[PDB]
There are 2 protein chains.
Amino acid sequence: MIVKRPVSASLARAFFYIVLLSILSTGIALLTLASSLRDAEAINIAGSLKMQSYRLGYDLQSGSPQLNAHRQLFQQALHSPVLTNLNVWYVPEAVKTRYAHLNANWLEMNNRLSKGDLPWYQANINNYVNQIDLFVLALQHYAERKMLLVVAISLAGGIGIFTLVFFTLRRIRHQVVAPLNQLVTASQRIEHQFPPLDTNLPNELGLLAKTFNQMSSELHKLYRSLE
Amino acid sequence: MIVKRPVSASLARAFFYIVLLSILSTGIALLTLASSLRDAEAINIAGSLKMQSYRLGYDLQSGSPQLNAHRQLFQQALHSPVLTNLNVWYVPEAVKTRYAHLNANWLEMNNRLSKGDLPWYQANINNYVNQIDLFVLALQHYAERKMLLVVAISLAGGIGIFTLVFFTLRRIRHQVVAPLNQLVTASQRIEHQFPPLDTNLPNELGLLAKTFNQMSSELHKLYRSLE
């Protein structure tokens, strides 16, 4: 039973790599789906920022006692963990620069609020809101890019899987099914004309080819030496 | 070569079902990721609605000539395809009812705007914005639910795959490797003591067991009938 490449070991290896590719494909898609929820929440907070931008305008105009609390809440939203987490190597620059520039433009907005410059603030709010919109767009573009990459990756994994399958089946035909058909004939021959058999297979059929030939060899001498 | 269950056919079937499960798992995750982009865009538009709610307040207060254009844009955003597409059997009621109620509450808001009731509109805007926030929350909850279902589904597919693998390998051991070891001994026996071999296998080893026995049977009579 000691063969160099037992058939079970070779199939188990194939299944291992096939299953590994499956888990990798599905795993990457699921991780990307989780990341999608975080992107959604970034988009949610950005929309909170747009609403809060107009509300500050109303606060100043009406002299609301909540002005300063609201200015503070705005600063906090701007620094939400979900937005600061975008500042990482694998997130595109389009997203991170636009995030940086939202912080920079807020500085001028807040300063103008501090100076009770309602005319300026009212004349510039559309602009700031537009900047938030472009930040959101960059986020949506990043999201779509990730999806398309996951599709590309799944297609590749697909090729690896189909290739692994095709090759293993081809190997089973060549290293298992073929020699079995030859053993069948080379057995119904000896039952009724003493083709030899491929002993160079590194699996169980190579061992059977040997021991068969060994047997089939001495029967040629025992059936001819006596007959 | 005519056997009822050739080994290649049984492996190809196993691979078929394994690959099918892989594609189903990864496919469902990718479809869910695509749906995630649509959810994100629903969240984006909902945030547009919050900003636009305060802006209408400023329009009325300042007597902006854009009031009516903005009222119109609000109505349009509210009826975006991305939001109306939520009205479907597979989207939860939590999402669809909240969407319905945003439309209903907008009716009263727009009516109060038409009556130049700035005091009411200013005293109720926080409420409406809150309703939009709860709609967003329902969307985020739907998103998380989908992800968790896709995780559950991928785990199940995992069990199907590992089960298919384990069974096929077990079958290869029982219906291929075992009879080969018996053919090996039952061949080094006849080379040097004439155990018989399992002809009831429905694969190629069952045919080889037969023809072997057929052969090994007549050699018992030809080696004893002459000796």
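Data table
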item: Percent of Cα-Cα distances greater than 19 Å, calculated over the range A:1-108; result: 63 percent
item: Isotropically averaged projected area of the range B:157-227, using the convex hull of Cα atoms (one quarter of hull area), nm²; result: 5.3 nm²
item: Point-to-point label distance, A:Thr199-A:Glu93, nm (Cα→Cβ direction, 7 Å offset); result: 6.8 nm
item: Convex hull projection area averaged over all views, the protein assembly as shown, Cα basis, nm²; result: 28.4 nm²
item: Axis proximity, chain B to A: residue whose C-beta lies nearest, plus whole-Å distance; result: B:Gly47, 1
item: Whole-Å distance, taken between Cα centres, linking the range A:72-91 and the range B:73-98; result: 29 Å
item: Alpha-carbon Debye profile of chain A, log10 I(q)/I(0) at 0.07, 0.14, 0.17, 0.18 Å⁻¹; result: -0.51, -0.93, -1.13, -1.19
item: Whole-angstrom gap from the range B:1-63 to the range B:123-178, using each part's C-alpha centre; result: 11 Å
item: Protection proxy ranking of B:49-61, B:208-220, B:25-37, A:87-99 - average other beta-carbon atoms within 10 Å, highest first; result: B:49-61, B:25-37, B:208-220, A:87-99
item: Gyration tensor (alpha-carbon) shape descriptor, the range A:63-112, a/c threshold 1.5; result: oblate
item: Peptide-level mean, for A:172-183, of C-beta atoms on other protein chains within 10 Å; result: 4
item: Exam field: B:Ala69 pseudo-label spacings to other copies (7 Å along Cα-Cβ), nanometres; result: 3.6
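Here, each number is a calculation from the coordinates, and none is a lab measurement. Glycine also receives a Cβ, built like all others from the backbone with ideal geometry; neighbour counts cover every protein chain displayed.
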